[PDB]
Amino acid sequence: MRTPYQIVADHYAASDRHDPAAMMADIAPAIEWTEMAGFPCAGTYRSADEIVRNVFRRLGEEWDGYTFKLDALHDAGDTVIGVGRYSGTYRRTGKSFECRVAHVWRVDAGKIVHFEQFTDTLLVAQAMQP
């Protein structure tokens, strides 16, 4: 049986494959998925459907080549912390960015129940300035 760490790693693998079905496979209906306040997709999403539509779809619509690259994955038992880099080109302005990000995850009884994003919202915002 998978540890929380493996469950989260599986999510990141599915993200590398651009596979939203696999990305959401272990998301519990109790999920609270928080995009950072200053991030364009800011908010707390409470179903896999809301996450796909209001976060991943929106990113695909508004950015070219929006990418996350995982650098580290820290095992805190039921909590797992991913660290990496985002990059992308904002379609309206044609401006790119790259910045750091950390994600804090929690798993409960084999399902992901919590996600929170911590990223350089200023650097992302700069790409979105005319």
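Numbers for residues come from their place in the sequence shown, where the first is 1.
In this entry, 17-25 has the higher mean Cα B-factor, the comparison being between 114-122 and 17-25. Across the two stretches, 87-95 and 36-44, the PDB entry reports the greater mean Cα temperature factor for 87-95.
The residue among 80, 101, 51, 59 whose C-alpha carries the highest B-factor in the deposited model is 59. In this PDB entry, residue 31 carries a Cα temperature factor that places it within the lowest third of its chain's modelled residues. Residue 72 sits in the highest third of its chain by CA B factor, as recorded in the PDB entry.
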